[PDB]
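Shown here is one chain on its own, the form deposited without Hexa Vinylpyrrolidone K15, set out as structure tokens.
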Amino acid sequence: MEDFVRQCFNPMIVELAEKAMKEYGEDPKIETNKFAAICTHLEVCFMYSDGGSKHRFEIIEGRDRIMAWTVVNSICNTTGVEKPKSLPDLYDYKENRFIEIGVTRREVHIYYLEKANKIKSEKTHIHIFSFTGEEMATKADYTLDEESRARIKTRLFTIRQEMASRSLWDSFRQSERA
């Protein structure tokens, strides 16, 4: 699986993923499924950001903590939006709302509920994707056009197929915990 991650994700994504895990005291070489998951989430966040017009989104995920908060605080101060308790994934300039992106190895509804439970003060939009083409978003408001969403779902399905081709999917699929 380590070889797979290094092989299928671009080096910027891999470096960020390794940094995040090390920050929690985890070794990418050992907790490989987690490593793959972090990379997948990052890729989706980047793809989602590229979906709209130029300038539509601000990427929060993948930034160091100080910078991420600086962006969030700056957005809140200027637009007047309420400040989130935890860092969200992106900011949508057009709809003027923060977005939390979730990618799950389980089922979209359960993950959406788990995400919803964490936000509580839910002014943040939630969008969840699975590796099997399903998606779930707050109020069925999907934000992006179908073509954009299709591109993400396809990339995710492809990752699943590749993992499966290497006999890595069964373990990966079962590594997500409530």
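A residue's number is simply how far along the shown sequence it sits, counting from 1.
Here the stretch with the larger average CA B-factor, out of 80-88 and 67-75, is 80-88.
Stretch comparison (116-124 versus 141-149) by mean CA B-factor in the PDB entry places 116-124 on top. Remark: of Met12, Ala164, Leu156, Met21, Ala164 shows the highest value [criterion: C-alpha B-factor in the PDB entry]. For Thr32, the recorded CA B-factor ranks within the middle third of the chain. Only modelled residues enter the ranking. Annotation for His55: C-alpha temperature factor in the highest third relative to the rest of the modelled chain, per the entry.
This next part talks about the form deposited with Hexa Vinylpyrrolidone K15 bound, which is not shown.
Shown here without its ligand, the chain is overlaid with Hexa Vinylpyrrolidone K15 as it sits in the deposited bound form; no ligand atom lies within 2.4 Å of a backbone or C-beta atom, and the site is open. If you check Hexa Vinylpyrrolidone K15 in the deposited bound form, you find a heavy atom from every one of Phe46, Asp50 and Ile59 within 4.5 Å. Within 4.5 Å of any heavy atom of Hexa Vinylpyrrolidone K15 in the deposited bound form lies no heavy atom of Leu168. Taking the partner from elsewhere, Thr154 is found to have every heavy atom lying beyond 4.5 Å of Hexa Vinylpyrrolidone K15 in the deposited bound form. At a distance threshold of 4.5 angstroms between non-hydrogen atoms, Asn10 is in contact with Hexa Vinylpyrrolidone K15 in the deposited bound form. Mapping the unseen interface onto this chain, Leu16 counts among the residues with a heavy atom inside 4.5 Å of Hexa Vinylpyrrolidone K15 in the deposited bound form.
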